[PDB]
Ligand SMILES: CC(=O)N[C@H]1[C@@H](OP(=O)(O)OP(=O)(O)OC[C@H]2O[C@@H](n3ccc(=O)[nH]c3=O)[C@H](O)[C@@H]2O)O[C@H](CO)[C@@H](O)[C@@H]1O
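The data below hold one chain only, encoded as structure tokens and taken in the form solved without the named molecule.
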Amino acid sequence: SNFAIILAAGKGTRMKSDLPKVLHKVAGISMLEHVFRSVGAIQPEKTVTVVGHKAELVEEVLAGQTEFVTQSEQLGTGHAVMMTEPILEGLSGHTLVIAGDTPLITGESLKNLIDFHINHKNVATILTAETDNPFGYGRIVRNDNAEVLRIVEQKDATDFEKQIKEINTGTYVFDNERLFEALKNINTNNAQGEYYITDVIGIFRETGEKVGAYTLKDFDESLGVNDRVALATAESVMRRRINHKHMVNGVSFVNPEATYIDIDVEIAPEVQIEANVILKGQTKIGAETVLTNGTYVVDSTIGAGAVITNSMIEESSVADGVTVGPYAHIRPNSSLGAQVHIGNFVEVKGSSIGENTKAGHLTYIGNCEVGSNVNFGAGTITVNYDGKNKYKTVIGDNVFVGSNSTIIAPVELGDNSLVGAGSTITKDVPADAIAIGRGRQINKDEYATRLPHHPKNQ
């Protein structure tokens, strides 16, 4: 009943990239993927994506729910659609034709397109829009009774026709039956090589079959991306849309025009986001937590009541009430327990940290299983690499790891123990003990008067 054809073979030369045009990301996912999301809104019985060069790459990535045909030669949009013939020829119903480079179009607009089509039982329906600078776009010609007669390109347009402000977005709905029919009719009697999807509209004009146009109230929603300038504009519209949705859902933004949140990030209500925060991938933020300017989060989970201050968190888990930063880096596979505190210049990598534990400064915790109520003094380092292998360090509950100490794994610091500040630990420390591995202080009276820094020597 409903079928979809997505054109993704284009030659994105103005992109100046080796990556197939439609694979370029917009807020987390590729333009193609956004098109797949709006397309799904019309519940197409079949979905066929036409890819061109590097065809393998596009497929090798998003093998999403969609058939895949290849267009080895650049013979135009008509030929691209013709490549879906083997799969859609014969079937009766409505077929959506959309480009993979117009990611701003919405599922809602696509639904209205079909409804508008089936409604007037048109043979073909053109998704159109209006602008005051239609230069370059095919124009939409209608009769005094406002019926879509045909589409006129800029090069063929009469002076009088250049005045038309309604343009063709390049998105269409065709009755699948007539469509492939008209595609062979143009292909064979073409007296030329390349044919275009708009050539089918020319045929319906020759035969008088009903063709209509649904207009998009927002012209900017029809943007076709051809270069990194339109790319940025796409990014900008999608950003406003994502952020508008969160604000309506109860999230505060100091500046939603400069906050970068990917398409799939989930944010509980009452969260507060300062300007210039970055949320990427599969990220979740719980209720009332606070994200300050600079925070950067990727594929992570943050609980409720947390305060993330200018810090970078990657593939990690952060419980409720956790405070992080400023300038902290939480690396892959880390888990911070409830009320944990990670202060400035602290790095946590592949480590579980129990609740209420704190590492407030200039610290590195890697490959450690850390307990609850632990204390890391400023300067502490967990050494877990010898140039070939990594080793694990186990730290019990309530351990007091003295400042500037060097913990050389594999070792265990038992519960309630303490490592003297400035110590190098090479062996296990039993529970309730203290470990000290540092030289004893020695004073040399008057010796400083004999060194470069002394006032007497400058």
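So that the term is clear: the rigid core is the largest set of C-alpha atoms that superpose within 1.5 Å between two forms. Sequential numbering from 1, following the sequence displayed.
Not on display, but discussed next: the form deposited with the named molecule bound.
Asks: Please tell me whether any heavy atom belonging to residue 169 falls inside 4.5 Å of a heavy atom of the named molecule, as the geometry stands in the bound PDB entry.
Replies: Contact with the named molecule, yes.
Asks: Does the named molecule come within 4.5 Å of any heavy atom of residue 197 in the bound PDB entry?
Replies: Result yes; residue 197 sits at the interface with the named molecule in the bound PDB entry.
Asks: Classify residue 80 as contacting or not contacting the named molecule in the bound PDB entry by the rule of any non-hydrogen atom within 4.5 angstroms, answering yes or no.
Replies: Answer yes; at least one heavy atom of residue 80 falls within 4.5 Å of the named molecule in the bound PDB entry.
Asks: Is there a non-hydrogen atom of residue 311 within 4.5 angstroms of a non-hydrogen atom of the named molecule in the bound PDB entry?
Replies: Contact with the named molecule, no.
Asks: With the partner removed from view, which of 106-114, 257-265, 277-285, 189-197 is the stretch that lies within 4.5 Å of the named molecule in the bound PDB entry, judged by heavy atom distances?
Replies: Selected range: 189-197.
Asks: Could you tell me if all three of 294, 340 and 353 have a heavy atom no more than 4.5 Å from the named molecule in the bound PDB entry?
Replies: Zero of three within 4.5 Å in the bound PDB entry.
Asks: Sort through 118, 75, 304, 247 and report the residue having a heavy atom within 4.5 Å of the named molecule in the bound PDB entry.
Replies: Answer to the contact question: 75.
Asks: Name the residue from 151, 238, 123, 271 that puts a heavy atom within 4.5 Å of the named molecule in the bound PDB entry.
Replies: Partner contact (heavy atom, 4.5 Å) among the options: 151.
Asks: Rigid core as reference, CA moved 2 Å or more between this form and the one not shown - which of 139, 117, 341, 349?
Replies: The residue that shifts is 139.
Asks: Core aligned, does the CA of residue 385 move at least 2 Å between this form and the one not shown?
Replies: No, its C-alpha moves less than 2 Å.
Asks: Taking the rigid core as reference, does residue 208 move its C-alpha 2 Å or further between this form and the one not shown?
Replies: It does not reach a 2 Å shift.
Asks: Rigid core fitted, is the C-alpha displacement of residue 266 between this form and the one not shown 2 Å or more?
Replies: Comparing forms between this form and the one not shown, the residue 266 CA shifts below 2 Å.
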